[PDB]
$ cat upload_26.tsv   # TSV, C-alpha atoms
chain	number	residue	atom	x	y	z
U	2	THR	CA	294.22	83.63	116.16
U	3	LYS	CA	290.42	83.16	116.62
U	4	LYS	CA	287.92	85.56	115.08
U	5	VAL	CA	284.25	86.14	116.04
U	6	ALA	CA	281.59	87.41	113.61
U	7	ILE	CA	279.09	89.78	115.17
U	8	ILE	CA	275.91	90.24	113.15
U	9	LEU	CA	274.48	93.73	113.78
U	10	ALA	CA	271.73	96.09	112.63
U	11	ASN	CA	270.36	99.38	114.01
U	12	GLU	CA	268.90	99.36	117.54
U	13	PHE	CA	271.10	96.73	119.11
U	14	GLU	CA	271.12	96.84	122.90
U	15	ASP	CA	274.40	98.76	123.26
U	16	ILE	CA	275.93	96.85	126.18
U	17	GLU	CA	275.12	93.47	124.57
U	18	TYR	CA	277.46	94.48	121.78
U	19	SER	CA	280.24	96.17	123.75
U	20	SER	CA	280.39	93.92	126.82
U	21	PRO	CA	280.77	90.57	124.99
U	22	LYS	CA	283.14	92.28	122.53
U	23	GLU	CA	285.39	93.46	125.38
U	24	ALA	CA	285.31	90.04	127.10
U	25	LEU	CA	286.33	88.23	123.87
U	26	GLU	CA	289.04	90.78	123.12
U	27	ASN	CA	290.41	90.57	126.68
U	28	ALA	CA	290.78	86.81	126.30
U	29	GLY	CA	292.78	87.48	123.14
U	30	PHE	CA	290.15	86.86	120.44
U	31	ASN	CA	289.38	89.09	117.44
U	32	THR	CA	285.93	90.45	116.56
U	33	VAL	CA	284.40	91.59	113.26
U	34	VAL	CA	281.05	93.23	112.55
U	35	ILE	CA	278.94	91.74	109.75
U	36	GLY	CA	276.17	94.00	108.48
U	37	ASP	CA	274.29	95.22	105.46
U	38	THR	CA	277.21	97.22	103.98
U	39	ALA	CA	280.93	97.46	104.75
U	40	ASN	CA	281.61	100.88	106.32
U	41	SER	CA	277.97	101.66	107.03
U	42	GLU	CA	277.19	102.72	110.58
U	43	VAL	CA	274.64	101.18	112.88
U	44	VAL	CA	273.45	102.91	116.03
U	45	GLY	CA	272.45	101.23	119.30
U	46	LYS	CA	269.25	101.91	121.22
U	47	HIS	CA	271.30	104.28	123.38
U	48	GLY	CA	273.36	105.96	120.70
U	49	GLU	CA	276.50	103.81	120.42
U	50	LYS	CA	277.77	104.03	116.84
U	51	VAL	CA	279.37	100.98	115.28
U	52	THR	CA	281.04	100.69	111.88
U	53	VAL	CA	280.22	97.54	109.88
U	54	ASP	CA	283.45	95.71	108.88
U	55	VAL	CA	282.09	93.19	106.35
U	56	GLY	CA	278.96	93.23	104.18
U	57	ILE	CA	276.56	90.30	104.53
U	58	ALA	CA	276.89	89.62	100.77
U	59	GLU	CA	280.68	89.15	100.99
U	60	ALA	CA	280.99	87.45	104.36
U	61	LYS	CA	282.39	83.91	104.34
U	62	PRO	CA	281.01	82.18	107.42
U	63	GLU	CA	283.89	79.71	107.38
U	64	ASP	CA	286.35	82.56	108.10
U	65	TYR	CA	284.93	82.74	111.63
U	66	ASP	CA	285.46	80.66	114.80
U	67	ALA	CA	282.24	81.84	116.42
U	68	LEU	CA	279.09	83.88	115.80
U	69	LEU	CA	277.80	86.48	118.26
U	70	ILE	CA	274.24	87.86	118.07
U	71	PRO	CA	273.53	90.92	120.27
U	72	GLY	CA	269.87	91.60	121.21
U	73	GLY	CA	267.66	94.68	121.33
U	74	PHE	CA	265.80	95.13	118.06
U	75	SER	CA	268.86	94.41	115.89
U	76	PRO	CA	267.81	90.77	115.35
U	77	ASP	CA	264.31	91.85	114.30
U	78	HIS	CA	265.85	94.30	111.80
U	79	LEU	CA	268.15	91.53	110.49
U	80	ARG	CA	265.09	89.29	109.95
U	81	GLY	CA	263.78	92.01	107.65
U	82	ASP	CA	266.42	91.15	105.06
U	83	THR	CA	264.31	90.28	102.01
U	84	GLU	CA	266.66	87.44	101.04
U	85	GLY	CA	266.94	86.11	104.65
U	86	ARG	CA	270.76	86.28	104.44
U	87	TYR	CA	271.43	86.57	108.16
U	88	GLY	CA	269.53	83.35	108.91
U	89	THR	CA	271.46	81.66	106.12
U	90	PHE	CA	274.74	83.01	107.52
U	91	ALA	CA	273.82	81.68	111.00
U	92	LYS	CA	272.90	78.29	109.52
U	93	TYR	CA	276.56	77.57	108.77
U	94	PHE	CA	277.25	77.81	112.50
U	95	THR	CA	274.34	75.65	113.70
U	96	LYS	CA	274.84	73.00	111.00
U	97	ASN	CA	278.60	72.64	111.75
U	98	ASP	CA	278.38	73.04	115.54
U	99	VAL	CA	280.53	76.17	115.53
U	100	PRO	CA	280.38	78.15	118.79
U	101	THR	CA	277.26	80.32	118.58
U	102	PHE	CA	276.50	83.04	121.11
U	103	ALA	CA	273.18	84.86	121.38
U	104	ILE	CA	271.78	87.12	124.07
U	105	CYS	CA	268.27	88.60	124.68
U	106	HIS	CA	266.48	88.78	121.31
U	107	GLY	CA	269.55	87.38	119.59
U	108	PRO	CA	268.15	83.87	119.44
U	109	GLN	CA	265.44	85.14	117.06
U	110	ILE	CA	268.01	84.79	114.28
U	111	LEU	CA	268.62	81.14	115.27
U	112	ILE	CA	264.93	80.45	114.59
U	113	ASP	CA	265.62	81.15	110.93
U	114	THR	CA	268.20	78.33	110.71
U	115	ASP	CA	265.48	75.74	111.15
U	116	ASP	CA	268.05	73.99	113.35
U	117	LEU	CA	266.54	74.35	116.81
U	118	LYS	CA	264.41	71.21	117.18
U	119	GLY	CA	265.68	69.40	120.26
U	120	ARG	CA	268.09	72.19	121.27
U	121	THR	CA	268.04	73.82	124.73
U	122	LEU	CA	268.09	77.61	124.81
U	123	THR	CA	267.10	80.56	126.93
U	124	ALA	CA	266.20	84.10	125.79
U	125	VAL	CA	264.46	87.29	126.86
U	126	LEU	CA	260.86	86.55	127.86
U	127	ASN	CA	259.53	88.38	124.75
U	128	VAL	CA	260.91	85.76	122.41
U	129	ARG	CA	260.55	82.51	124.39
U	130	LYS	CA	257.25	81.41	122.93
U	131	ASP	CA	258.60	81.90	119.38
U	132	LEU	CA	261.70	79.84	120.29
U	133	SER	CA	259.44	77.09	121.63
U	134	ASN	CA	257.32	77.14	118.44
U	135	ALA	CA	260.59	76.72	116.51
U	136	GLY	CA	261.10	73.42	118.34
U	137	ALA	CA	263.58	74.40	121.06
U	138	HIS	CA	263.53	73.23	124.67
U	139	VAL	CA	263.30	76.70	126.20
U	140	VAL	CA	264.42	77.29	129.78
U	141	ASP	CA	264.69	80.37	132.00
U	142	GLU	CA	268.33	80.57	133.20
U	143	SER	CA	271.00	83.26	133.29
U	144	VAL	CA	273.16	81.22	130.89
U	145	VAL	CA	272.51	78.01	128.91
U	146	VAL	CA	275.17	75.98	127.11
U	147	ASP	CA	273.90	73.38	124.66
U	148	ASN	CA	277.11	71.98	123.12
U	149	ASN	CA	278.17	74.94	120.93
U	150	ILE	CA	275.21	77.28	121.53
U	151	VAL	CA	275.42	79.74	124.45
U	152	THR	CA	272.36	81.86	125.27
U	153	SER	CA	271.40	84.34	127.98
U	154	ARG	CA	268.32	86.49	128.63
U	155	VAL	CA	269.10	90.10	129.59
U	156	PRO	CA	271.95	92.53	130.23
U	157	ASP	CA	271.99	91.41	133.89
U	158	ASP	CA	273.14	88.01	132.60
U	159	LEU	CA	276.27	89.38	130.90
U	160	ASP	CA	278.74	88.22	133.57
U	161	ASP	CA	277.57	84.63	133.09
U	162	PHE	CA	277.22	84.93	129.29
U	163	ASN	CA	280.72	86.40	128.98
U	164	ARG	CA	282.35	83.70	131.10
U	165	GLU	CA	280.71	80.92	129.08
U	166	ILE	CA	281.45	82.40	125.64
U	167	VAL	CA	285.19	82.81	126.13
U	168	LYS	CA	285.31	79.28	127.60
U	169	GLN	CA	283.63	77.83	124.55
U	170	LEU	CA	286.19	79.56	122.29
U	171	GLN	CA	289.15	78.24	124.29
U	172	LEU	CA	288.18	74.93	122.75
X	2	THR	CA	228.46	101.74	122.44
X	3	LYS	CA	230.61	99.62	120.09
X	4	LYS	CA	234.11	100.08	121.52
X	5	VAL	CA	237.48	98.92	120.16
X	6	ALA	CA	240.33	98.06	122.49
X	7	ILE	CA	243.80	99.19	121.31
X	8	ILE	CA	246.67	97.50	123.15
X	9	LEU	CA	249.65	99.84	123.05
X	10	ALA	CA	253.18	100.10	124.45
X	11	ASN	CA	256.06	102.43	123.59
X	12	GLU	CA	257.53	102.45	120.09
X	13	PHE	CA	254.32	101.61	118.22
X	14	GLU	CA	254.47	102.73	114.58
X	15	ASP	CA	252.65	106.07	114.80
X	16	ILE	CA	250.25	105.88	111.82
X	17	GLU	CA	249.36	102.24	112.46
X	18	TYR	CA	247.79	103.70	115.59
X	19	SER	CA	246.36	107.02	114.35
X	20	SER	CA	245.02	105.95	110.94
X	21	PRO	CA	242.98	102.89	111.97
X	22	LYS	CA	241.83	104.83	115.06
X	23	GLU	CA	240.54	107.64	112.88
X	24	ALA	CA	238.85	105.23	110.44
X	25	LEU	CA	237.07	103.49	113.30
X	26	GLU	CA	236.11	106.82	114.87
X	27	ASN	CA	234.91	108.22	111.55
X	28	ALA	CA	232.63	105.19	111.15
X	29	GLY	CA	231.07	105.89	114.56
X	30	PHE	CA	233.08	103.56	116.78
X	31	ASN	CA	234.92	104.53	119.95
X	32	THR	CA	238.41	103.39	120.86
X	33	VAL	CA	239.99	102.75	124.25
X	34	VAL	CA	243.76	102.46	124.64
X	35	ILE	CA	244.86	99.67	126.98
X	36	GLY	CA	248.32	99.83	128.55
X	37	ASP	CA	250.48	99.11	131.60
X	38	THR	CA	249.04	101.97	133.70
X	39	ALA	CA	245.96	104.13	133.17
X	40	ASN	CA	246.65	107.78	132.33
X	41	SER	CA	250.33	107.29	131.46
X	42	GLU	CA	251.81	108.32	128.08
X	43	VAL	CA	253.24	105.91	125.54
X	44	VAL	CA	255.36	107.35	122.74
X	45	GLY	CA	255.44	106.22	119.11
X	46	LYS	CA	258.58	105.53	117.09
X	47	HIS	CA	258.22	109.01	115.63
X	48	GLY	CA	257.16	110.67	118.84
X	49	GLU	CA	253.38	110.54	118.83
X	50	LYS	CA	252.22	110.64	122.46
X	51	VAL	CA	249.12	108.64	123.40
X	52	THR	CA	247.44	108.52	126.79
X	53	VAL	CA	246.57	105.09	128.18
X	54	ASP	CA	242.84	104.95	129.00
X	55	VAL	CA	242.71	101.70	130.93
X	56	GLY	CA	245.39	99.73	132.82
X	57	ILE	CA	245.84	96.12	131.74
X	58	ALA	CA	245.30	94.97	135.32
X	59	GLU	CA	241.80	96.53	135.16
X	60	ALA	CA	240.72	95.76	131.61
X	61	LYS	CA	237.94	93.30	130.81
X	62	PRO	CA	238.02	92.00	127.25
X	63	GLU	CA	234.24	91.44	127.51
X	64	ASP	CA	233.74	95.23	127.54
X	65	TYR	CA	235.00	95.50	123.99
X	66	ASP	CA	233.69	94.67	120.55
X	67	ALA	CA	237.04	94.37	118.75
X	68	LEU	CA	240.77	94.26	119.44
X	69	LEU	CA	243.24	96.36	117.40
X	70	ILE	CA	247.00	95.77	117.67
X	71	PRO	CA	249.22	98.43	116.05
X	72	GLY	CA	252.73	97.37	114.95
X	73	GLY	CA	256.25	98.72	115.30
X	74	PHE	CA	257.98	97.42	118.39
X	75	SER	CA	254.90	97.94	120.59
X	76	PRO	CA	253.78	94.34	120.26
X	77	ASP	CA	257.25	93.12	121.24
X	78	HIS	CA	257.19	95.29	124.40
X	79	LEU	CA	253.73	94.00	125.26
X	80	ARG	CA	255.13	90.48	124.98
X	81	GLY	CA	257.63	91.36	127.70
X	82	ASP	CA	254.86	91.68	130.28
X	83	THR	CA	256.02	89.41	133.08
X	84	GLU	CA	252.60	87.83	133.60
X	85	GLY	CA	251.76	87.79	129.87
X	86	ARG	CA	248.60	89.80	130.39
X	87	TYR	CA	248.24	91.11	126.82
X	88	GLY	CA	248.33	87.59	125.36
X	89	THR	CA	245.73	86.62	127.94
X	90	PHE	CA	243.67	89.66	127.00
X	91	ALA	CA	243.87	88.69	123.33
X	92	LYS	CA	242.93	85.06	124.08
X	93	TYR	CA	239.34	86.24	124.67
X	94	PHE	CA	239.05	87.64	121.14
X	95	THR	CA	240.57	84.60	119.42
X	96	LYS	CA	238.62	82.08	121.51
X	97	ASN	CA	235.25	83.84	121.14
X	98	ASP	CA	235.82	84.80	117.51
X	99	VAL	CA	235.52	88.53	118.20
X	100	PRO	CA	236.80	90.91	115.47
X	101	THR	CA	240.59	91.05	115.81
X	102	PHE	CA	242.71	93.54	113.87
X	103	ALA	CA	246.52	93.47	113.56
X	104	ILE	CA	248.99	95.16	111.25
X	105	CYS	CA	252.78	94.76	110.74
X	106	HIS	CA	254.31	93.32	113.92
X	107	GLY	CA	250.87	93.32	115.54
X	108	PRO	CA	250.20	89.62	114.92
X	109	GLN	CA	253.06	88.72	117.28
X	110	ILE	CA	250.62	89.07	120.20
X	111	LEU	CA	248.21	86.68	118.47
X	112	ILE	CA	250.97	84.03	118.65
X	113	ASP	CA	250.67	84.14	122.45
X	114	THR	CA	247.02	83.02	122.26
X	115	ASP	CA	248.06	79.61	120.86
X	116	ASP	CA	244.97	79.91	118.64
X	117	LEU	CA	246.66	80.40	115.24
X	118	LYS	CA	246.83	76.81	114.02
X	119	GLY	CA	245.06	76.53	110.67
X	120	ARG	CA	244.23	80.26	110.58
X	121	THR	CA	245.23	82.37	107.55
X	122	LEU	CA	246.97	85.72	107.91
X	123	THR	CA	249.71	88.04	106.72
X	124	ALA	CA	252.22	90.26	108.57
X	125	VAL	CA	255.46	92.19	108.06
X	126	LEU	CA	258.21	89.92	106.67
X	127	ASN	CA	260.14	90.03	109.97
X	128	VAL	CA	257.52	87.97	111.85
X	129	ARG	CA	256.21	85.62	109.15
X	130	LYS	CA	258.46	82.71	110.11
X	131	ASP	CA	257.28	82.92	113.74
X	132	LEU	CA	253.60	82.96	112.63
X	133	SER	CA	254.22	79.87	110.49
X	134	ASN	CA	255.88	78.10	113.40
X	135	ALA	CA	252.73	78.92	115.43
X	136	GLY	CA	250.79	76.92	112.81
X	137	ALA	CA	249.29	79.79	110.78
X	138	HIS	CA	248.98	79.72	106.98
X	139	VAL	CA	250.96	82.84	106.25
X	140	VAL	CA	250.43	84.69	102.99
X	141	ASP	CA	251.78	87.90	101.47
X	142	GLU	CA	248.80	90.11	100.71
X	143	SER	CA	247.94	93.73	101.44
X	144	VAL	CA	245.01	92.63	103.62
X	145	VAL	CA	243.84	89.16	104.74
X	146	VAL	CA	240.43	88.46	106.31
X	147	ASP	CA	240.01	85.08	108.06
X	148	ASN	CA	236.55	85.18	109.62
X	149	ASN	CA	237.08	87.63	112.51
X	150	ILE	CA	240.86	88.10	112.13
X	151	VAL	CA	242.02	91.01	109.94
X	152	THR	CA	245.75	91.36	109.13
X	153	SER	CA	247.97	93.55	106.94
X	154	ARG	CA	251.76	93.92	106.45
X	155	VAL	CA	252.96	97.55	106.33
X	156	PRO	CA	251.80	101.22	106.44
X	157	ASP	CA	251.12	101.34	102.71
X	158	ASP	CA	248.45	98.65	103.34
X	159	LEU	CA	246.41	100.92	105.63
X	160	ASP	CA	243.72	101.86	103.06
X	161	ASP	CA	242.97	98.14	102.64
X	162	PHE	CA	243.35	97.42	106.38
X	163	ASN	CA	241.00	100.23	107.38
X	164	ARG	CA	238.28	99.26	104.87
X	165	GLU	CA	238.18	95.72	106.26
X	166	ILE	CA	238.28	96.55	109.96
X	167	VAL	CA	235.38	99.02	109.69
X	168	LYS	CA	233.47	96.51	107.53
X	169	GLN	CA	233.90	93.86	110.29
X	170	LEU	CA	232.33	96.22	112.85
X	171	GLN	CA	229.50	97.29	110.55
X	172	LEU	CA	228.66	93.68	109.66
X	173	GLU	CA	228.81	92.70	113.35
X	174	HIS	CA	225.53	94.63	113.41
X	175	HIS	CA	224.24	93.72	109.96
X	176	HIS	CA	224.81	96.99	108.11
X	177	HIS	CA	225.93	96.47	104.53
$ encode --input "upload_26.tsv" --output "structure tokens"
Amino acid sequence: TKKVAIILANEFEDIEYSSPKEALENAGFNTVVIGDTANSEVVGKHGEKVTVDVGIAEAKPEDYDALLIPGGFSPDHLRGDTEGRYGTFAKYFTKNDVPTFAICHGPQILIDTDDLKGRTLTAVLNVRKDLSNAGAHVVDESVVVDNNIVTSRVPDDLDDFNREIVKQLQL
Amino acid sequence: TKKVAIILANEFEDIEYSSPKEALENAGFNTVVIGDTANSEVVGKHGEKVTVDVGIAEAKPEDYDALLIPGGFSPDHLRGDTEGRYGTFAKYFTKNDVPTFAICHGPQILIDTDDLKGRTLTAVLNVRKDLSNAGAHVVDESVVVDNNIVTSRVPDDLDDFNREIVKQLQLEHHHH
């Protein structure tokens, strides 16, 4: 069975967590929440409460068949980690071309891999300049697939994002 | 009239607005909040309400003698402006070397000017990588002054931040 890591902090955009989660689980895939502490709770922008499954210190990126990065301000919180552990976690995925899914602000965490030069990505407008300065070819589309990396911009894009992410995992 | 523009959206970090504002106003300078629509309210992370003085469609950066950018998630919101009008607004201050003050996340808007290459600043950890990628020399200090650009990291830096921003405005008119 295939298993998706979801990196999450406080102030995720609720639907960007729950909608891709549902779509993966409907297609028969497992999901697991990676966060600061096992059994700590993080709370979405609109009050959705999520329990962290696995602490970032313990997580073994090789256990996972994909990485999902929900947007809102969760990615900005994650980039506050004083040891940069979420970027380092995400680097396993970009370095080994493991399916990597990021919506809205989510691709902020990808910047910290240093792996974006020459890659084609979209994101929420707020973050596009920073993605470009990280070396990405940034476009403005509802969903972008660049080999293993699937990105979308906003919650309106979810239908497209969700289709493309479960497809990528079927391989 | 030496007037400081403050670009502000929702979810600014309250005291990064109120403390610098007070220090500027104590030192005799006026402040003008610039936002999406004039006479609307924006609300801090901890619920401070601030009225927007001037709409960003109306604002002329010429009118002002400094630019102050409070942090929190206000700068991120401002970067979601569809036409990028707050980056454009800030481009005047960076191009013409006008006093430019930013704390925490605040330097994110300075990235949109494309004027950061070779400049030296600090910011909250979360945005340091993005400043580097924009070509800035990023350091970790309580306050950094690079000619006209004043930056700090976090709320505990405010005593240092506020000293330097007022000192920029005083020196602008040769008072020592």
$ atom_distance --input "upload_26.tsv" --atom1 "atom CA of residue 67 of chain X" --atom2 "atom CA of residue 77 of chain U"
27.7 Å
$ closest_residue --input "upload_26.tsv" --among "U:117, U:137, U:79, U:91" --to "chain X" --atoms "all atoms listed in the file"
U:79
$ closest_residue --input "upload_26.tsv" --among "U:55, U:112, U:24, U:35" --to "residue 129 of chain X" --atoms "all atoms listed in the file"
U:112
$ interface_residues --input "upload_26.tsv" --of "chain U" --to "chain X" --cutoff "6 Å" --atoms "only C-alpha atoms" --output "ChimeraX atom specification"
/U:80-81,126-127,131,134-135
$ write_last_selection --input "upload_26.tsv" --atoms "C-alpha atoms" --output "tab-separated table (two decimals), keeping the file's coordinate frame"
chain	number	residue	atom	x	y	z
U	80	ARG	CA	265.09	89.29	109.95
U	81	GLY	CA	263.78	92.01	107.65
U	126	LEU	CA	260.86	86.55	127.86
U	127	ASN	CA	259.53	88.38	124.75
U	131	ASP	CA	258.60	81.90	119.38
U	134	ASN	CA	257.32	77.14	118.44
U	135	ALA	CA	260.59	76.72	116.51
$ atom_distance --input "upload_26.tsv" --atom1 "atom CA of residue 63 of chain X" --atom2 "atom CA of residue 111 of chain X"
17.3 Å
$ atom_distance --input "upload_26.tsv" --atom1 "atom CA of residue 102 of chain U" --atom2 "atom CA of residue 106 of chain X"
25.5 Å
$ closest_residue --input "upload_26.tsv" --among "U:46, U:168, U:92, U:106" --to "residue 68 of chain U" --atoms "all atoms listed in the file"
U:92
$ residues_around --input "upload_26.tsv" --residues "residue 2 of chain X" --least-positions-apart "5" --cutoff "12 Å" --atoms "only C-alpha atoms" --output "JSON, numbers by chain"
{"X": [26, 29, 30, 31, 32, 33, 64, 65, 66, 67, 170, 174]}
$ axis_aligned_box --input "upload_26.tsv" --around "segment 13-23 of chain X" --padding-each-side "5 Å" --output "AutoDock Vina command-line options"
--center_x 247.5 --center_y 104.6 --center_z 114.6 --size_x 23.9 --size_y 16.0 --size_z 17.3
$ residues_near_point --input "upload_26.tsv" --point "(236.4, 92.0, 124.9)" --cutoff "10 Å" --atoms "all atoms listed in the file" --output "PyMOL selection string"
chain X and resi 4-6+60-68+90-94+97+99-100
$ closest_residue --input "upload_26.tsv" --among "U:83, U:169, U:123, U:149" --to "residue 109 of chain U" --atoms "all atoms listed in the file"
U:123
$ residues_around --input "upload_26.tsv" --residues "segment 2-8 of chain U" --least-positions-apart "5" --cutoff "7 Å" --atoms "only C-alpha atoms" --output "list in words"
residues 30, 31, 32, 33, 34, 35, 36, 65, 66, 67, 68, 69 and 70 of chain U
$ build_atoms --input "upload_26.tsv" --residues "segment 99-111 of chain U" --atoms "N, CA, C and O atoms" --output "mmCIF file, keeping the file's coordinate frame"
data_model
loop_
_atom_site.group_PDB
_atom_site.id
_atom_site.type_symbol
_atom_site.label_atom_id
_atom_site.label_comp_id
_atom_site.auth_asym_id
_atom_site.auth_seq_id
_atom_site.Cartn_x
_atom_site.Cartn_y
_atom_site.Cartn_z
ATOM 1 N N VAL U 99 279.553 75.137 115.202
ATOM 2 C CA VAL U 99 280.530 76.170 115.530
ATOM 3 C C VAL U 99 279.975 77.005 116.680
ATOM 4 O O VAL U 99 278.772 77.236 116.761
ATOM 5 N N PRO U 100 280.846 77.404 117.619
ATOM 6 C CA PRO U 100 280.380 78.150 118.790
ATOM 7 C C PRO U 100 279.471 79.330 118.395
ATOM 8 O O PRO U 100 279.758 80.056 117.439
ATOM 9 N N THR U 101 278.301 79.403 119.017
ATOM 10 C CA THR U 101 277.260 80.320 118.580
ATOM 11 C C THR U 101 276.674 80.980 119.815
ATOM 12 O O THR U 101 276.297 80.288 120.764
ATOM 13 N N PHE U 102 276.794 82.302 119.883
ATOM 14 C CA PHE U 102 276.500 83.040 121.110
ATOM 15 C C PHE U 102 275.364 84.005 120.822
ATOM 16 O O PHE U 102 275.477 84.855 119.934
ATOM 17 N N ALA U 103 274.303 83.953 121.620
ATOM 18 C CA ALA U 103 273.180 84.860 121.380
ATOM 19 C C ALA U 103 272.518 85.277 122.675
ATOM 20 O O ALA U 103 272.184 84.435 123.525
ATOM 21 N N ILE U 104 272.378 86.588 122.850
ATOM 22 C CA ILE U 104 271.780 87.120 124.070
ATOM 23 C C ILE U 104 270.524 87.977 123.823
ATOM 24 O O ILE U 104 270.456 88.714 122.834
ATOM 25 N N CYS U 105 269.491 87.757 124.649
ATOM 26 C CA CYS U 105 268.270 88.600 124.680
ATOM 27 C C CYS U 105 267.366 88.245 123.511
ATOM 28 O O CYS U 105 266.806 87.141 123.475
ATOM 29 N N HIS U 106 267.229 89.136 122.526
ATOM 30 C CA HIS U 106 266.480 88.780 121.310
ATOM 31 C C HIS U 106 267.306 87.987 120.323
ATOM 32 O O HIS U 106 266.799 87.544 119.292
ATOM 33 N N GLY U 107 268.623 88.000 120.524
ATOM 34 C CA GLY U 107 269.550 87.380 119.590
ATOM 35 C C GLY U 107 269.091 86.042 119.059
ATOM 36 O O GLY U 107 269.166 85.804 117.857
ATOM 37 N N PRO U 108 268.505 85.200 119.926
ATOM 38 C CA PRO U 108 268.150 83.870 119.440
ATOM 39 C C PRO U 108 267.023 83.862 118.402
ATOM 40 O O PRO U 108 266.830 82.847 117.723
ATOM 41 N N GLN U 109 266.357 85.004 118.196
ATOM 42 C CA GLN U 109 265.440 85.140 117.060
ATOM 43 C C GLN U 109 266.087 84.731 115.732
ATOM 44 O O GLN U 109 265.440 84.127 114.860
ATOM 45 N N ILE U 110 267.339 85.119 115.534
ATOM 46 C CA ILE U 110 268.010 84.790 114.280
ATOM 47 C C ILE U 110 268.224 83.276 114.135
ATOM 48 O O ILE U 110 268.062 82.733 113.053
ATOM 49 N N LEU U 111 268.534 82.598 115.243
ATOM 50 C CA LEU U 111 268.620 81.140 115.270
ATOM 51 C C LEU U 111 267.348 80.427 114.803
ATOM 52 O O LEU U 111 267.422 79.379 114.143
#
